[PDB]
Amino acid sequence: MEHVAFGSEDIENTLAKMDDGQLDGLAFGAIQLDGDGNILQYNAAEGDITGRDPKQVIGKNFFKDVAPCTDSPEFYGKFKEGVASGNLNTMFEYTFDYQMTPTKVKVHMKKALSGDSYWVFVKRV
């Protein structure tokens, strides 16, 4: 288990070093998204929270295909302003209900260090 804390101000930096194996070590859910919302990375914790088989979700669109319940102004819309601005750092509660028991979560979005990618982090509440 990689020692990283959910909400950590420096988190994009710590994660810059992690391969997919190491990402599967975190205490929370981790997704890396492209500017278009396609899934670059996806860890074992998020699988665990949502049910989804990670390896299979890589390459799909988060907002169109996989998580259409986030296709809202409170979630997706927040995302696309952030890609449009080149800056994004937001944290909110949210309920995940697509083809699953409704699961209340806490979500943090942050823009990556690397060029044009974006992190979605997830934990139970």
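Think of the rigid core as the biggest set of C-alphas that the two forms share within 1.5 Å after superposition. Residue positions are given as counts along the sequence shown, with the first one as 1.
Put simply, when the other structures in 8 other deposited structures of this protein are lined up on the rigid core, the C-alpha atoms of 26-34 lie farther off than those of the other stretch, from 26-34 and 92-100. Stretch comparison (10-18 versus 100-108) by mean CA B-factor in the PDB entry places 10-18 on top.
For the pair 83-91 and 24-32, the record assigns the higher mean C-alpha temperature factor to 83-91. Among all modelled residues in this chain, the alpha-carbon of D71 has a temperature factor (C-alpha) in the lowest third.
Among the modelled residues of its chain, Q41 has a C-alpha B-factor that falls in the lowest third, as given in the PDB entry. When the modelled residues of the chain are ordered by C-alpha B-factor, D65 sits in the lowest third.
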